[PDB]
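Quick notes on the structure that follows.
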Amino acid sequence: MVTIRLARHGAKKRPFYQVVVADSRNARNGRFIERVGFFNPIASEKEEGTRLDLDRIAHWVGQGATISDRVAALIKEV
Amino acid sequence: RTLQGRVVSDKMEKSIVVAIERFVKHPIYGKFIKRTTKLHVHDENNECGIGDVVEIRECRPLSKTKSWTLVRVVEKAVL
Amino acid sequence: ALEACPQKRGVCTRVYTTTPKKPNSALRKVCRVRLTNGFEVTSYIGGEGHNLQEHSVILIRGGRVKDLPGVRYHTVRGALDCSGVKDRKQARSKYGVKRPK
Amino acid sequence: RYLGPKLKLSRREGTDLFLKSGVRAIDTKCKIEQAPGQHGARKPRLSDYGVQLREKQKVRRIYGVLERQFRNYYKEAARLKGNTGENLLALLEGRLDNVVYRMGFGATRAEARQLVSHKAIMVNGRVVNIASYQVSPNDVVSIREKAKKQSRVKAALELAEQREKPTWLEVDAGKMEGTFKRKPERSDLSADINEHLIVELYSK
RNA sequence: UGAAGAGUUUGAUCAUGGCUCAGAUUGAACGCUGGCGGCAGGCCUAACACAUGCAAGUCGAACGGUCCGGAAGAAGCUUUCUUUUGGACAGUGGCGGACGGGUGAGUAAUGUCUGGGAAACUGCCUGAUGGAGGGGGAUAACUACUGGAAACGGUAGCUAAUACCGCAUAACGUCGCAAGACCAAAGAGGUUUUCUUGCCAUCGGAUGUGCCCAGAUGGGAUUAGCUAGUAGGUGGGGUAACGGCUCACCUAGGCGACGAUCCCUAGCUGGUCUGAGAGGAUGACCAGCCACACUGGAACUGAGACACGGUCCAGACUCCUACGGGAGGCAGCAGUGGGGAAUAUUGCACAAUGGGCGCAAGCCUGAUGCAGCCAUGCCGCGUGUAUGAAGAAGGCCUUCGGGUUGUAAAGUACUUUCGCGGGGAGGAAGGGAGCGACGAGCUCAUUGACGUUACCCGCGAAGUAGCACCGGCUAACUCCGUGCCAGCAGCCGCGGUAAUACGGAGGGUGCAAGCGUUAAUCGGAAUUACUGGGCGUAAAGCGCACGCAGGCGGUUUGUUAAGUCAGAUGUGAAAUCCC
């Protein structure tokens with residue numbers, strides 16, 4: 001089942017997530033279908049805490065792609 | 005896919021073997037090498053005889069060894 | 022060493038003495054060892070004195086002894102039954118000798 | 002680093018490196034101009050490899066840096082465009098500990114390295130305690146507000162008055178600050194080094 | 001933007017030629033030594049045998065009893081007992097173990113890689129269309145009895161559903177001919193005339209696969225003729241499906257020096273190391289695929305496992321045993337013993353991220369996040385800083401005049417890693433409650449392993465260093481001892497009384513908690529040379545002829561245009577590499 005969740009590039013004291021759409025089977029940090037944006041928990045690296053690219057996910061959503069609870073929050077924030 | 009070859013045998017019925025030949029460069033040396041392959045093409049009309057240079061196209065598997073069929077004859081004969 | 026191993030254990034078959042070649046003269050101490058590799062080779066015994074008996078059982082390092090043709094290996098002192106040289110105040114790294122107090 | 006008798010290195014290199022009291026008439030190179038040891042007297046015999054070796058030696062000794070980083074910095078300068086020789090000194094001269102020395106905050110590079118490690122030196126506000134820090138142009142290197150009181154820098158900066166600074170630099174004794182104008186060229190630096198020889202040694 | 005060679009076969013020279021060297025790397029080990037911290041990393045050797053614990057459940061919005069808990073009754077109190085209700089276990093009933101995790105034994109084959117084809121299939125989830133009328137039947141629990149040491153088992157009686165079955169409508173679909181006939185389906189919960197969860201049939205979406213095909217995929221021919229279903233045809237059987245896949249009959253072919261057949265070996269790849277490139281080597285960490293769980297074989301049930309904690313049969317072994325008969329299988333985690341040169345805490349924890357089930361609350365989750373041990377590696381830091389004699393003492397050398405180790409130590413001043421005190425982190429919102437129709441939305445409240453660690457502030461003592469080497473390549477020297485004796489040695493060699501190459505000492509060079517040693521990988525080798533080579537005498541034309549296959553082929557014109565060349569487009573996963 002295709003799902004839109006957060007991929008953790010996360011490094012030591014460098015936690016960054018990549019809201020991506022991919023098969024629920026694949027690993028958390030495996031081959032993803034396509035990146036729709038990014039998330040910075042601390043929002044320290046850049047002022048732009050998150051870039052959703054609404055139109056993009058707006059497509060996957062309705063295509064059968066389901067969004068996780070956490071990702072849904074970020075996406076809902078648009 | 006279309007392949008050109010010679011009719012090296014018309015012994016079987018409705019079945020003719022076409023000896024297709026090609027030229028490819030050696031992966032190491034690069035010099036052109038000769039390579040051929042025999043394909044059992046279908047010929048319901050038993051129209052093609054031995055020596056005929058015919059064209060061969062991919063078609064619905066008639067048999068296990070036959071997955072090609074005679075399309076058109078290039079030249080009349082060359083033994 | 023067979024399995025390209027740095028070292029190889031083995032059991033001594035006989036601890037006899039050998040004489041150097043044309044240019045040299047002495048009673049070099051060697052010993053036939055039956056390594057686990059399945060080979061029975063002769064190894065040299067460095068040091069001024071050793072305590073290798075018949076059932077010695079020692080590790081082989083590997084080294085040719087120019088004077089003794091055939092001896093292509095050296096015994097590692099300080100390992101197994103091969104006691105390290107006594108009173109070695111010098112190169113203790115070799116001969117396996119703990120630094121005195 | 003090395004940490005040991007520096008006054009002996011000057012004799013070995015033949016040239017007089019500025020480690021400390023190089024100004025005073027004490028600097029052994031003033032008394033006995035021969036390398037240390039019981040053989041510093043007999044006539045030495047140098048080979049092609051020797052001249053290149055001793056050459057880079059004095060070079061690295063001046064900045065008092067390890068042979069590793071020194072080599073690493075060499076590789077870098079050799080990668081970037083422009084004459085390697087020039088770039089070389091540029092990088093080594095870019096070291097924070099070195100800059101501080103050039104600014105006069107420290108009597109020598111060794112003391113400068115200490116000042117940096119002691120967090121007694123800042124860069125563009127934020128403090129930096131890494132001697133290997135690469136100072137870029139337009140960067141301001143001043144003393145710590147809290148360290149402005151320590152007698153050591155008080156005496157160092159005091160002697161700095163009236164003393165000229167390199168063209169690629171500019172200090173303000175009053176504010177006890179400093180600015181890195183640009184990367185110093187080989188023309189600006191007057192080191193007893195022959196960059197053409199140090200580059201050959203690493204060739205091999 | 002990319003390429004230095006040197007030593008040694010001579011009395012000397014040139015050439016040919018082999019061997020060898022300084023560098024970098026290694027999930028290493030060994031020797032001497034060893035302070036701290038961060039990140040990373042750790043049986044590379046037997047599928048050898050294993051003590052002990054642990055490695056999947058969840059639902060009372062499917063139904064009847066025990067265990068744990070609360071509340072309300074009959075009582076003056078006690079005993080006893082009744083009703084209601086929460087959790088859960090035991091049972092019945094429903095949905096889930098073929099995912100994840102481990103290992104590489106086996107494996108040359110469309111197994112894999114790359115590019116295509118079609119004779120196919122796909123739970124839960126999503127979109128669309130239509131429907132859900134009437135009836136019938138069954139088995140445990142439970143109850144009673146009997147057998148057994150135990151495991152567990154036999155018999156009798158009662159009983160329910162979204163459990164099973166028969167009948168309707170035909171949206172449609174299937175079959176013959178052509179333009180005909182046949183075949184379907186369970187409720188429950190409530191803010192209950194309105195929604196919620198769920199069901200039946202069909203089409204489509206999403207995704208994942210079975211099968212087929214072109215090309216590519218190691219070594220040996222002291223492995224050459226091989227083959228009977230063996231090659232093809234008709235019909236049939238069989239499967240989700242093609243196919244001799246299997247069968248009957250007929251035909252007699254099919255394959256091979258572009259190497260079949262046989263034998264040997266090794267999981268493969270993305271990538272990794274190296275190299276100027278080509279290429280060589282490798283594929284260990286991580287990611288994809290494949291193949292394996294006491295040894296061997298097999299099938300069932302299912303969308304899927306021929307399935308580690310499912311089943312059946314054969315075999316050995318271990319344990320239990322009233323011996324009648326049973327229980328298992330760490331190549332799962334940790335660990336034990338055995339092996340080896342060698343590789344670790346039978347630790348902490350779920351809050352965070354992710355996963356399974358559930359409407360939800362919530363439950364499960366040694367997956368993982370961390371700590372521990374080891375300089376195994378990488379990076380950062382400290383053992384102090386400034387001052388201090390034409391120049392102590394001591395050791396060493398001496399033409400004993402003196403020189404050297406030395407500003408080096410002592411000593412003076414300064415800072416002050418450890419340690420102590422205080423403070424103390426990021427990494428994490430809802431369930432609920434209030435407003436609103438307990439919906440959308442808004443508002444508010446409660447709660448954390450590593451840690452009391454990181455980090456900040458205050459106080460504050462100078463407070464481990466070693467190892468290798470000094471004939472030449474290799475940078476760095478003398479004295480004494482020994483004396484071809486003892487010993488050294490990668491190669492050339494050295495030692496028979498003056499040795500910078502033996503041992504010690506002083507000194508010196510290199511490096512630094514590291515330093516050496518051993519083993520393994522790379523080029524130089526233009527020494528297989530495609531780029532880069534040779535064959536009269538240094539290694540090298542086959543003794544000659546004829547001739548098959550194969551390779552190559554004169555001048556002009558035309559067609560095709562396969563090779564070749566050009567434009568566009570698709571593919572060329574991520575990561576990596578380069579900027």
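Protein chains in written order, with the authors' numbering: chain AP, 1 to 78; chain AQ, 5 to 83; chain AL, 22 to 122; chain AD, 2 to 205.
For each residue, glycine too, the CB sits at the ideal point set by N, CA and C.
Beta carbon of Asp-193 (chain AD) nearer than 9 Å to that of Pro-167 (chain AD): The Cβ atoms of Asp-193 (chain AD) and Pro-167 (chain AD) lie no closer than 9 Å to each other.
So, are the CB atoms of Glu-48 (chain AQ) and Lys-18 (chain AQ) less than 9 Å apart? For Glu-48 (chain AQ) and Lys-18 (chain AQ), yes; Cβs fall inside 9 Å.
Quick check on this structure: which residue in AP:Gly-49, AP:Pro-41, AP:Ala-27, AP:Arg-25 has the alpha carbon closest to the alpha carbon of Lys-13 (chain AP)? The shortest C-alpha separation from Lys-13 (chain AP) is found at AP:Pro-41.
Secondary structure of residue 89 (chain AP), DSSP reduced to three states: Nothing about residue 89 (chain AP) can be read from this structure; chain AP reaches only from 1 to 78.
Going along the chain, which unbroken runs of the alpha helix (DSSP H) with 4 or more residues stay wholly within the stretch 66 to 130 of chain AD? Restricting attention to alpha helix (DSSP H) runs no shorter than 4 residues, the stretch 66 to 130 of chain AD encloses them at 68 to 80, 85 to 93, 97 to 104, 110 to 118, ordered along the chain.
For a quick check, are the C-beta atoms of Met-123 (chain AD) and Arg-153 (chain AD) less than 9 Å apart? It is not a contact, given that the beta carbons lie outside the stated cut-off.
Which class does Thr-3 (chain AP) belong to by DSSP, given the choice of helix, strand or coil? Three-state result, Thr-3 (chain AP): strand.
Leaving out five residues before and five after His-30 (chain AQ) in sequence, what residues of the same chain have Cβ atoms less than 6 Å from its Cβ? Only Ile-37 meet the Cβ criterion.
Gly-179 (chain AD) - containing beta strand (DSSP E), residue span: Start and end: 178 to 181.
Counting pairs of beta carbons, one from the stretch 6 to 15 of chain AD and one from the stretch 25 to 42 of chain AD, are three or more of them closer than 8 Å? Yes, since at least three Cβ pairs between the stretch 6 to 15 of chain AD and the stretch 25 to 42 of chain AD fall closer than 8 Å, the two stretches touch.
How long is the line joining the alpha carbons of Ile-27 (chain AD) and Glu-45 (chain AP), rounded to whole angstroms? Straight-line Cα distance between these residues: approximately 54 Å.
Measuring straight from C-alpha to C-alpha, what distance separates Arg-85 (chain AL) and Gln-70 (chain AD)? Cα-Cα distance, rounded: 41 Å.
Whole-number beta carbon distance between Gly-53 (chain AQ) and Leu-83 (chain AQ), since they are thought to touch under 8 Å: Rounded, the Cβ-Cβ distance is 10 Å, inconsistent with contact.
Grab the span of the beta strand (DSSP E) containing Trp-60 (chain AP) for me, first residue to last. Unbroken run through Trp-60 (chain AP) is the alpha helix (DSSP H), 54 to 60; no beta strand (DSSP E).
Please state if the CB of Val-19 (chain AP) and the CB of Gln-63 (chain AP) are separated by a distance shorter than 9 Å. Their beta carbons are not under 9 Å apart, which means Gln-63 (chain AP) does not touch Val-19 (chain AP) by this criterion.
What would DSSP say about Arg-10 (chain AQ), mapped onto helix, strand or coil? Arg-10 (chain AQ): strand per DSSP, three-state reduction.
Assuming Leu-116 (chain AD) and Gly-107 (chain AD) form a contact by the criterion Cβ under 8 Å, report the distance between their Cβ atoms to the nearest whole angstrom. Rounded, the Cβ-Cβ distance is 5 Å, consistent with contact.
Going by beta carbon distance, what residues of the same chain come within less than 7 Å of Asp-49 (chain AD), once the five residues before and after it are set aside? Result list for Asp-49 (chain AD): empty, nothing under 7 Å.
Candidates AP:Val-21, AP:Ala-43, AP:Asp-69, AP:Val-71: which alpha carbon is nearest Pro-15 (chain AP)'s? Nearest Cα to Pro-15 (chain AP) within the set AP:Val-21, AP:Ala-43, AP:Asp-69, AP:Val-71: AP:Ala-43.
Output the distance between the C-alpha atoms of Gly-5 (chain AD) and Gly-83 (chain AL), rounded to the nearest integer angstrom. Distance between the alpha carbons of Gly-5 (chain AD) and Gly-83 (chain AL): 41 Å.
Considering only heavy atoms of the ligand MN, does any lie closer than 8 Å to the CB of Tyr-116 (chain AL)? Ligands in the displayed structure: none, and consequently the ligand MN is not present.
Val-21 (chain AP) and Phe-38 (chain AP) - do their beta-carbons sit closer together than 9 Å? In this structure, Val-21 (chain AP) does not lie closer than 9 Å to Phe-38 (chain AP) by Cβ.
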